[PDB]
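Residue numbers (PDB author numbering), protein chains in the order written: chain A, 41 to 319, 337 to 349; chain B, 41 to 319, 337 to 349; chain C, 43 to 319, 335 to 350; chain G, 41 to 319, 335 to 350; chain F, 40 to 319, 336 to 350; chain H, 43 to 319, 336 to 350. The beta-carbon is built from N, C-alpha and C at its ideal position, and this holds for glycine as well. The structure appears right after this line, and notes come after that.
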Amino acid sequence: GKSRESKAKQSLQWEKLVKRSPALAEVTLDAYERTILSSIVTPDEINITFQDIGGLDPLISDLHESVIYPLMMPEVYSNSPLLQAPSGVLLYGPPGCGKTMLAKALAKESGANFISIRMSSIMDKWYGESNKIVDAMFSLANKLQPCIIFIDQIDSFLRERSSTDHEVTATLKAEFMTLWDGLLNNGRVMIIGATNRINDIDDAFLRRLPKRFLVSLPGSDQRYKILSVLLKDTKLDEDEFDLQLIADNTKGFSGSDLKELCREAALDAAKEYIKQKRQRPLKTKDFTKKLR
Amino acid sequence: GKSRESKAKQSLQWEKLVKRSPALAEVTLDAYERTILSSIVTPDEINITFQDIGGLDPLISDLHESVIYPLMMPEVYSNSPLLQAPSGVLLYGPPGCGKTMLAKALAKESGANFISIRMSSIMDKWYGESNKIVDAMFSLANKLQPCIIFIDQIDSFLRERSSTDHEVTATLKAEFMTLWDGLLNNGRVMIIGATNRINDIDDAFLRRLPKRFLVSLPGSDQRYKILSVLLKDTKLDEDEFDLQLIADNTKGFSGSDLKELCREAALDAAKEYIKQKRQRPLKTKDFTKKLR
Amino acid sequence: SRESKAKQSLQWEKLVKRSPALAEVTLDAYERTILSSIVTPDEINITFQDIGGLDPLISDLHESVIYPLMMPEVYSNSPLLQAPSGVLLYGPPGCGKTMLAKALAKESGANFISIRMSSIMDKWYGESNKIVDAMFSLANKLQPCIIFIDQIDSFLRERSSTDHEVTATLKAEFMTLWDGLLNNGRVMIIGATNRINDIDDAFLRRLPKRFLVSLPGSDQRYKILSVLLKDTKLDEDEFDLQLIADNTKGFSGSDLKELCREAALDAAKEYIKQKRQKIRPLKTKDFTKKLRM
Amino acid sequence: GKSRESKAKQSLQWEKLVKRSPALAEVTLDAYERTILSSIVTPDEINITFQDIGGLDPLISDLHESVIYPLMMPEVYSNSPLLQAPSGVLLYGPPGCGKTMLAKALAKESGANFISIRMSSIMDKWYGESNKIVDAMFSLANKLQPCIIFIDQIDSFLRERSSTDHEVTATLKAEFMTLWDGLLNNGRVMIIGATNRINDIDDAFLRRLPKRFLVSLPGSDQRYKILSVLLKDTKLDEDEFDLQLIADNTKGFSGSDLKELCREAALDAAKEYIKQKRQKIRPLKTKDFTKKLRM
Amino acid sequence: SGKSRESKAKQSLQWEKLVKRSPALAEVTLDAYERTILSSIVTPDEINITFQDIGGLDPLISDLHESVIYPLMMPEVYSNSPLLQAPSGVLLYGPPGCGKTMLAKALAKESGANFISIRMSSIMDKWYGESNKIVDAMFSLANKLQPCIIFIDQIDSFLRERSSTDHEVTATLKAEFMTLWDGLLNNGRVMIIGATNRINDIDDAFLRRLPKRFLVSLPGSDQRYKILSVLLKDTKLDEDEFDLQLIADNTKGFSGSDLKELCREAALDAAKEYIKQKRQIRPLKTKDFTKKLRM
Amino acid sequence: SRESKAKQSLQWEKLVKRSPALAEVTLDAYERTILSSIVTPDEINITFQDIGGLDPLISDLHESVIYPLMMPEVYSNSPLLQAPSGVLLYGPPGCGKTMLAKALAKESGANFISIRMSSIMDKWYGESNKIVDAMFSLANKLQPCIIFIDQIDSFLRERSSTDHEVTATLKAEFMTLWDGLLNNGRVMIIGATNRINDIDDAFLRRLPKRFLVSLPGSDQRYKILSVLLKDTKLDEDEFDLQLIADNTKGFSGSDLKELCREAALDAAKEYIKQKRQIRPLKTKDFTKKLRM
Ligand SMILES: Nc1ncnc2c1ncn2[C@@H]1O[C@H](COP(=O)(O)OP(=O)(O)OP(=O)(O)O)[C@@H](O)[C@H]1O
Ligand SMILES: Nc1ncnc2c1ncn2[C@@H]1O[C@H](COP(=O)(O)OP(=O)(O)OP(=O)(O)O)[C@@H](O)[C@H]1O
Ligand SMILES: Nc1ncnc2c1ncn2[C@@H]1O[C@H](COP(=O)(O)OP(=O)(O)OP(=O)(O)O)[C@@H](O)[C@H]1O
Ligand SMILES: Nc1ncnc2c1ncn2[C@@H]1O[C@H](COP(=O)(O)OP(=O)(O)OP(=O)(O)O)[C@@H](O)[C@H]1O
Ligand SMILES: Nc1ncnc2c1ncn2[C@@H]1O[C@H](COP(=O)(O)OP(=O)(O)OP(=O)(O)O)[C@@H](O)[C@H]1O
Ligand SMILES: [Mg+2]
Ligand SMILES: [Mg+2]
Ligand SMILES: [Mg+2]
Ligand SMILES: [Mg+2]
Ligand SMILES: [Mg+2]
C-alpha cells in the first residue's frame, strides 16, 4: 500500500482481524500480503446478513449446509476427507438478482475472513507485480486459515484465456490457477464469485468452481417472499395492502425490479409527508398504479 | 528473496534436501540459487501418491518406465545412449483429468528433487533479474543432478513469442529456451509442464517437451476407477451401492467434477449424522440424486 | 559468487594452455565476467560427424566460415576472401542449429563465447553496456573468436520506442562494436533463431552469411536416423531405415531423436525389467508402431 | 572526552556508578572506555517506570522472568547453567507501540547498569577509532558486570553487510560480532536493541539477539489499559467519562497516537481554563475525546 | 567539521543575539559541532514576516498558537496537567505555496522561541560519521537553548521512507535522528517542526514523531480574499473601480504564491507609466488583475 | 595503558608456564601489544567434547590441523599431510565455528592468537603495518602458533579504490607476510566467516583447507541438544530428545541453545517463584516454547 490512508486501512483491517481471533497475532505478513489485506472486509463492516436476504430459502439452506459448516467446523466434518468444503463456490444468474448481497451475507453470518478483491487492486503498473500480488493474496488466505476469497465480476477476472488477450492478464490468470489448484495444497481456502454469464468463465476456471449456486429469478412464491423481505418495516396499509396481486402482476421480474418499485412507492408518499412537515401508511394504489 | 520468512523457508528446504541426499551437503549455492531454493517441493509436502491416481494406469506405467526409471535409474539404462530421460515432459489435456495430481505423484514418489515454480517468483521488476533467476533455477537443477522443474500452467510461460510481447517476458522465454537446450548441456534435469491448450505453447518450446502425455477425459472403466479411488476409506452399502451405474451415468465428467459429485453425495448422505454431531452409509441414491 | 570466479580462472587456464600467446594477455574485470561464458572444446561432447543430413550445409559452412577464419594465410592473397563478420543459423525449430553451434565450439578451433542474456544484463546503471564492450574487447584479444548468442531473435529484436533505455543502449553498443569505426579482428558473431523476421534489420545486415537449417528431407532424415541409431543394435533383415525415414514426414531432428529414444526404450523394456530382477535388436515394427504412419 | 561537558558528564556518571556499586571504585578505565562511560544512563535520569506502561503486562512479565531476573539475580537461577540471561534482546515492532518505554523501564526499574550508546559516539572519522570505541564499550560493559548496552534503532547499526558498505562500517560490524558472540566470553552483558525493521538486521546479528520481544499494535483491551495509564493523575468525569468506547473506536492507534489524542483532548478541555488564566481544569468527557478523534 | 572565518563570524553573531535574547544562555558552553549548528539558527530580526502577514489561515494560526506555541512557551499555565505539554513535533504539510514557510517565518519571528532552521547541506558531510555528530550536537544545542524549535524545510527528503538501498550514512543519520527525537533520554522543550509537500514520502516512524499535523490546503474563496487583502496592503487601490471580491471568485485553484504573482503582475502593469516617468502612481483597479486572470 | 601492560605481563607469564623454553624469547613494544590480544587455555571454558553434531568435522580438523601442527615430524613425510597455512571455518551463522575456535584455543596446546581488528587499525600513519609485522613476528617466535582472525571476511574484503590507503598497504603487508609461511615455521592462520564470498580471492586462495560448518542435520541437532542439555535433569519417559530434534527444522546451534534456555526457564519458573519467596525437563515444556 503506497498511500498513507491505505496503510491506515491495512492497520484497521489487521486490528479487526486480530480482534476476531487471537490466533492471528503470531502470524507475520508480507508487503504484498498487507496490500491484499487492505481489501479484507470484516463482518462488522457488512450490513447485510443471511436473515436480510429472502426468497432463496433452498439456495440459502444449500449454501449453509454445504459451505458454512464444512469450512468453519472441520471437527464436525472430519469423519471423512470427502466431507471438506470445496475449492471454489460459484454464484451465477441474471443481473439484478442481488448476488452481491448474497456474498455479503455469506461473508457476515459465517464470520469467515473475507477478502473482497477487485481486478483493479490486483493489477500493478510495475512489471511482475500482479503475479506477486496474486501469490501474496493466496498466501494470505492460506495464513488466515478459515478465509474466503471473494471476487465480484468474476466473469471478467475468470474470463476464458485466448491468444489475443494481454500477456500480463494471461500470466496473472495462469498464476491464479497454479495457486488455486496446484502442487502446493491450499488450506481452507474458498474462492467465491458472482457472474452474469457462466460462458465467460474459462473451463479450467469453471473446474476450480465445483459448486454453483443458481441465483435464479424468483418463483411466484419466491417473488412473494422477496416482496415481503424488501417491504419489511415499511409503513404500509393493514387492510388495503395485498402483496399477492403485485406478485401475480410482476411476471418475469428480478429482485432489482421489485426493489425499485417499492422505492418509488415509498418516495411518492415521503414527498407528501415533507409537504405536511413544511407548514403514515401507504396503500395498494401506489403499487398497483405502477402495475398495468 | 531477502525476507526473513523466505530465508527461513529456504533453510528448511535445504535441510530437507540434505536429509534426502547426504551428497548434496557439500555443494554451494549462489544468492539467486538460494532464492529459487524456496520453490522446491519436498515429498512430505505432497499428500497424493501414485496409488491415489485412478483411471490412468496405462499412463502411470508408461510415465514410470519412460520418464521416472530412465531418470532415476541411470546405471540400469546406461547400456545404450538412447535410454536417457527425455529433456521435457508435457501433461496436456482437458481440465480435471489429473495432470496436477500426476505432478503431485511425481513430486512424492519419483525421488527426484522437485522444483514447483510459479511465474510470480520468476518475474522480477528490476532489470535483468528474471533472466538471472531462470539461470539460477537451471544451475540449481544441474547441481541437484536428479532434479525436476515443474511449471504448472506452462502454456502462459511458454506461449508463442510475438513482437507485442513484453521485453522481459520475451528475453525470459529466450533464456529459458537457451538453457533448456543449448551448447552447455544440462545434467539429469527434466522440465515437466501441465496445460490445457497445447496449441498455445510455442512450437520451439513444444519441441523441447517431446514426451507428451495426453491426459484425456476418462472412459467408463476409467471413470469407475476414479470413482473407486475417490470413495476409498469410506463407508458404502454392501448391496444397494452399484458404482457401475454411477460410472456409466457420469457422461463427460472430469476427475474434479467426479470428486465434487462424490463430496455432494457424501454431504447429503451424512447431513443427519452432522446434525447429530453438532449438538450413514453411502448408497446409489445419494450419488444419482446429485447426478443429472 | 565464488563459483563464477573459479570458473573464470579455470577457463582462463584452459585458454592459456590452448594458446601460449594468450598467457601475456591482460583482462579487465568485465572481461573476466565475459570469460565466465567461454566454452572450451572439452565441454562439448559432439563432433561434426554426429550432425547428419546437413553435409552440404556443413561443407559450405566450413569453406565459407571456418577456413577463412582459422587459416588467414590461405585467404590472405585476396581481401575479398575474408571471413564474414556475422553468421546466422535460422530455420524451423529442431533442425540442428545448436548442433552446428556445438560442432563449431568443438571442432573449428576458434575460441567460443557462448554468451547468454543473463550475463549481458545487469541491474546497475551502465553495466550492461560495459559488459558488451568487454565482451567484444575480449573477443578481439582472443583474436580468432566466435561469439554465440543462442535465441538471437531476443537480443537483436527489432528496436522500438517502447524498448527499455538500458536495452536500447545495449543494442546500440552491440551495433557500434559489431561494425563501427574500430573494426574487429577475426571475431565473428554467430547466432541461432527460430524467428529470423524478429531480428532487427540493422542486425540482420551485420549477419551477412545466413544458413537456413530447413526441415530435413527424406535422404536427410535417413542420415539423421542412421546417425542417431549408430552404435545401437539393429535387425539385419527386419529393420530397414529407409521405410522409417520415408514414413516420418515433416519430422525435425529433435522429433527423430525422440522417436529413436522411445523406440529404444520400447525395445529394451524387457532388458530393463531383467536388470530390475543384452539389449533386444531394434526392429521396423518397433519404430513404426510408435509412429503415426 | 575532548569537550568540557563530555568530561563533566563522564565524572558525574562515574560518581553515580561508584555510588550504585561500591566495588566499582577499584576499576580503572581507558580513554575510550571513559568516552563510552559518557553515555551511561542512570535510573535518576529516566522518569518512566514499568507501571507507566499499559497493555504490555504479559510482555512485561515475560520480559522480567526471562531477561531481568535471570540477569539481576544469578543465585536464584544458578542451580542450572541453562538458566543464564540471554546474550541479546530485540524489541521489534511497528513504531509507537512502546519499545523505548520498555527500554526506559529496563533502565530505571531493572537496576542493571545501562548504556544507551548512540551511533554518533560509535562512528569516528579517523582510522580504527570507531573499532576501538566498540571494543572499549564491550570491555566497559564487562567491567560493569550486570550491564545492558541499549542501542535504539539497532537495524541501522546492524544492517546487512555488503560490499557497498564503507570499510569502517564493515570493520565495525565485524568487531561487534566478534566481541558480542566470539572467542572471548562476555560477563553478564546483554545487548538490548529496539527496531521497527527487524528484516533489515543481519542474520548473523539476529542470532546474537536470541530473545525477541514483538511489541505490536495494541488491541482493544491493550488500548484501554494504555489510555487508563496515560490519563492518570488527571481530572476525569465520574459519569460522562467512559474509556471503553474511546478505546474501541481508536482502531489501529499506537501508543503514541493515543498519547497525542489524550494531549489534544486535555488541551481542548482546559482551553477555557487557559483563557481564564492568561487574563479549575474541566473534567474530561467522552465527547471531548471523540471530538478530536476521527471515529 | 568544516568551518570558515565568515562562518565563524556568523556563529559568533548568532551567539551574541542568543545571549542578548536570554541572559541565562551566556553561562553554557558549546562543542565544535554545536557551534556549527549555531550558524543555522534564525533570529526574529532576519525575518520580515509577521503572523499578521498571513491571510486565510486565521483558524489554522489560532489552532497552531493554542496547541503549539502557548504550551511550549508558558509551561507555568499548562503545568496543572502533565498532558498539557507541547507536542514533540509539528508537521506543516500541504500543496506547494499555501503558506507553510510563511507559518514557519511567523513562528520564528513572533513566537519568540530559539529557532534553528536547519538545511540539508549543514547535516550531510563526506567525512565518516560527521552527519551523526552534527545531528547529535543539533539536539544537544536545542536542549541547551531550552525553548527551541528546530525547522527542517522540505522534511520529506530528510525523513524519507527508509529502505535497504539507503546509504549507510543516510540510514545511520536518520536512525540517530529518531533516537534523539524521542528515545531513552527525554528531550526538553525542543520541538522539531517540518514543512513538506510530500507527507506520504515520510517514514511511518517519523510521522509518529510528528503528532500534531497541520494541513495548509489550497485556499478557498474567503481565504483567497484574505490573502489578496494582505498582499495588497500598503498599495493604492481604486476606491470604486476595484473589486477584490470578484477577483477572489475568479481566481479558482490558485495558491498563495500564485496570488502573489498575480498581484505582482497587476502592480507592475499599473506602475509601468510611473516607471517610464522615473526613468526619463495609478491606483490598482479590477481590470489590472483581470487582464491577467484567465477565468 | 597500565591495565594493558598488566594483561601483557599476565599473558607472558602464562605462556612461560605453558612452555619453559619460551622465556628466552625477546619482545618488542609492538610485539607486546600484539601479545595483549592472545588467548590462553584457562580463559576458554569450552572443550572439544562440548561441541556436538560435528564429530566428523572434529576428526577431520584434528587429523589435518591439530596433529600436523603439533607433530611436524610424523606428518612431514608427505607435504600434503603438513599443516596448511590457511584454514577457513566458514558456514551459516550459529553453527559452531567460533566454538571450534575456542576448542582449538583450549585443547590444542598451540599458542592461540585471537586478534581483533580494533588492535590492528591505528590512526597514526605506519603504526598498523608495524602491528601486523609484530603479529607475524610473534607468531614466528611462539613456534606452535595459530593466528585466529575472527570474521576474516571484513579484514580480507575485496580491494577497491574507495578503501583507505592504510587499509591497502595493510592488506599488501599481510599478503607479503602470509606468503612464505609454508614450510617456514609452524604458523597457520585460521579464519571464521559467515559470508565466504566477502573474502578477496587473492587472500582467499591463501586458505587452502576449508571447513564447512553447515546448518545441523536432524541427527546433528539431536547430538547438539544432548550436549547442551548435559548436567541437566531430564524426564525418564515424558522427555524424548528426538522429537525436539525433528521439530527444530533449520535450527542453528545458537537457536537450539536459546530454545533450551527458554524451555529450562519455563520449566523452572515455579521453582524460581518458590526460591524468591527443579522440575525435570520434559518434551511438553520444549514443545510449548517450540513451534511446529
Ligand atoms: N486420476 C485421478 N485419481 C483420483 N482422483 C482424481 C484423478 N484425477 C482427478 N482427480 C480428482 O479431481 C481433482 C483434479 O484436480 P487437478 O488439480 O488434477 O486438476 P488440474 O489438473 O488443476 O485441472 P486444470 O486442467 O483445470 O488445471 C483432484 O482434486 C482429485 O480429487
Ligand atoms: N542434423 C542432425 N543430425 C543429428 N542429430 C540431430 C540433427 N538435428 C537435430 N538432431 C538431434 O536433435 C536434438 C536437438 O537438436 P538441436 O538442439 O540442434 O535443436 P535446436 O536447434 O536447439 O532447436 P531450436 O531451433 O528450437 O533451438 C539433438 O540432441 C540432436 O541429437
Ligand atoms: N504501552 C504503552 N503504555 C502507555 N503509554 C504508551 C505505551 N506505548 C506508547 N505510549 C506513549 O506513547 C509515546 C511513545 O513513546 P515511545 O518511547 O513508546 O516511542 P518509541 O518506542 O521511541 O518509538 P519507535 O517505536 O519509533 O522507536 C510515549 O511517550 C508514551 O507516553
Ligand atoms: N496564507 C498566505 N497569506 C498571504 N500570502 C501568502 C500566503 N501563502 C502564500 N503566500 C505568498 O506566497 C509566497 C510563498 O509562500 P511560502 O513561501 O509559504 O510557500 P512554501 O510553503 O515555501 O512553498 P513550498 O511548499 O514550495 O515550500 C509568500 O511570499 C507569500 O507572499
Ligand atoms: N555444534 C554445536 N554443538 C553444541 N553446541 C552448539 C553448536 N553450535 C552452537 N552451539 C551453541 O550455540 C552457541 C553458538 O555460539 P557460537 O559462538 O558457536 O556461534 P558462532 O560460531 O559465533 O557463529 P557466528 O560466528 O556465525 O556468529 C554456542 O555458545 C553453543 O553453546
Ligand atoms: Mg491444473
Ligand atoms: Mg536451439
Ligand atoms: Mg524509539
Ligand atoms: Mg517551503
Ligand atoms: Mg563466531
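Residues of chain G with CB closer than 8 angstroms to the CB of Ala306 (chain H), please, in chain order. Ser120, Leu122, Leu123
Own chain, CB closer than 7 angstroms to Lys265 (chain G), minus 5 neighbours either side, in chain order: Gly94, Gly95
What are the residues that DSSP puts in a beta bridge with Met230 (chain F)? F:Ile188
Out of curiosity, what's the CA-to-CA distance linking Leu64 (chain B) and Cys187 (chain B)? 12 angstroms
Please identify the residue among C:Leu271, C:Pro114, C:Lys47 whose C-alpha is closest to the C-alpha of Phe344 (chain C). C:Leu271
Through-space distance from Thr209 (chain A) to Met141 (chain A), alpha-carbon basis: 28 angstroms
Is the closest heavy atom of ligand 8 to the C-beta of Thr341 (chain G) under 7 angstroms? no
With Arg44 (chain A) as the anchor, note down where its alpha helix (DSSP H) starts and where it stops. 44-60
Within chain H, the residues that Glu215 (chain G) reaches when beta carbons sit closer than 7 angstroms: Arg158, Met159, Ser160
What are the residues of the segment 216-245 of chain F that lie near chain A, defined by any Cβ-Cβ distance shorter than 9 angstroms? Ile238, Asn239, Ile241, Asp243
Given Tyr72 (chain F), which residues of its chain have a CB within under 6 angstroms of its CB, disregarding the five upstream and five downstream residues? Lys172, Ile173, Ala176
Going by DSSP, what residues sit across from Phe154 (chain C) in a beta bridge? C:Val81, C:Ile188
Please list, in chain order, the chain B residues whose beta carbon lies closer than 9 angstroms to that of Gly259 (chain H). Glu55, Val58, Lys59, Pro62, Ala65
Cutoff 8 angstroms: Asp282 (chain B) Cβ touching any chain C Cβ: no
As an exercise, report each continuous alpha helix (DSSP H) stretch of at least 4 residues that is fully enclosed by the segment 103-163 of chain G, in chain order. 109-112, 139-148, 159-162
Which residues of chain H have a Cβ atom closer than 7 angstroms to the Cβ of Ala210 (chain G), listed in chain order? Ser196, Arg199
Got a sec: is the Cβ-Cβ distance from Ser51 (chain B) to anything in chain H below 8 angstroms? yes
Quick one: is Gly128 (chain H) buried, meaning 16 or more other Cβ sit within 10 Å of its Cβ, or exposed? buried
Counting Cβ pairs, one atom from each stretch, are 3 or more of them under 8 angstroms apart for the segment 216-236 of chain G and the segment 182-200 of chain G? yes
Between the segment 91-103 of chain B and chain C, which residues of the former have a C-beta closer than 9 angstroms to a C-beta of the latter? none
Tell me the rounded alpha-carbon separation between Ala287 (chain C) and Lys56 (chain C). 42 angstroms
Let me check you understand the geometry: is the CB of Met217 (chain G) closer than 7 angstroms to at least one non-hydrogen atom of ligand 5? yes
Against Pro83 (chain B), what residues of chain A qualify as contacts under a CB-to-CB distance less than 9 angstroms, listed in chain order? Those do not exist, as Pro83 (chain B) stays about 11 angstroms from chain A at its closest Cβ, beyond 9 angstroms.
Enumerated in chain order, which unbroken segments of the beta strand (DSSP E) with a length of 3 residues or greater are wholly contained in the segment 229-267 of chain C? 251-254
Report whether the distance from the Cβ of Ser196 (chain G) to the nearest heavy atom of ligand 3 is below 7 angstroms. no
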